[PDB]
Each structure stands twice: as C-alpha cells, then as structure tokens.
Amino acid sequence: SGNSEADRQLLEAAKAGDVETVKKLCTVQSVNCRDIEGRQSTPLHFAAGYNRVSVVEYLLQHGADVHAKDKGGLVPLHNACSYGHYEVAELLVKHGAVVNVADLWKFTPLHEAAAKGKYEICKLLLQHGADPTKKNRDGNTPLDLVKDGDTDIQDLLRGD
C-alpha cells in the first residue's frame, strides 16, 4: 500500500539520518509506525540507535512517541544508551523519557550505559534519578554491570 512503502522509506530515512526525506514522509500514520519485519522499532528507535540527532530533533517536535517499546520492550532511550549516543539520550530525557523504564528483561537505561562505560550518559541518567541499585532479571544492578576494569564509572555509580 501507499502507506506501507512510505512507512518503509521513512524507517529507512530515519536509520540513514536523512532529515529532508524524513520531513517529506512524516505523517500521523508514519511517525510512530512499527518495523513489522524487524523488531517493531519506530522511526525514533532507529534515529536514536543510529545517532541521527537532527532526525531525533525533528521527530520529537512532530509528535514522535518517546515511550514506544520495540518487541523486546526497549524504548528509544535504551537504544541511545546501549550504543553510547549522548546527545540523543539527552534529547529524549528532555522530551520526557523515563530514565527508570525497564525492558522485558528488567534492564534499564542505566544498566546499558553502565555496561557500555559512557560517563556523560551515566551522569545524565543519575542526575534524573536513575537507580544504580535496581536489579534486572539476572539479579544484576547497573553497578554490577560496570566492567570490572572500569574504575571511573564504578566510582560514579557508587555515589554517596
């Protein structure tokens, strides 16, 4: 259908970072469409995971859903944190993303940012109340997932 090809091209443009094509194709129907043949990601999940800051900014200003979950329960903030994209993470939080959201495995954005060792994202999340003591379904807190070698991030999450 007209909508399906356009949804596909929008998802592709969001992944590619092509903001002019995103603007061209963004409709109420497409803006939060799901990638049915993949993991049910929205355009925002793609823009966030692939570090497409201008596209994130456009999407957020035209009603994209910061809280949308992919098939694993990931929200766009999870993709930003797991792939280490700070500006995207900041934008999402500024537009209401919940830093304590949990996926189906009970991993939060801080579990992801802690494992990845991204200081600025860990700081952003902690300043907005991310819990460094919250256990996922492995029994691991974000502090537990800090790589054993990564002393600087360990110190940051300890806080106190």
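Start at 1 and count along the sequence shown; that's the residue number. Here, rigid core means the biggest group of C-alpha atoms that superpose within 1.5 Å across both forms.
- Of the two segments 90-98 and 113-121, the one whose CA positions lie farther from the displayed form in 8 other deposited structures of this protein, once all are superposed on the rigid core, is 113-121.
- In terms of root mean square C-alpha deviation after superposing on the rigid core in 8 other deposited structures of this protein, the stretch standing farther out between 5-13 and 143-151 is 143-151.
- Legend: mean Cα B-factor per stretch from the PDB entry, 147-155 versus 21-29; the higher mean is in 147-155.
- Averaged over Cα atoms, the B-factor as recorded in the entry is higher for 34-42 than for the other of 99-107 and 34-42.
- Looking at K134, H128, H62, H67, the one whose CA carries the top B-factor in the deposited record is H62.
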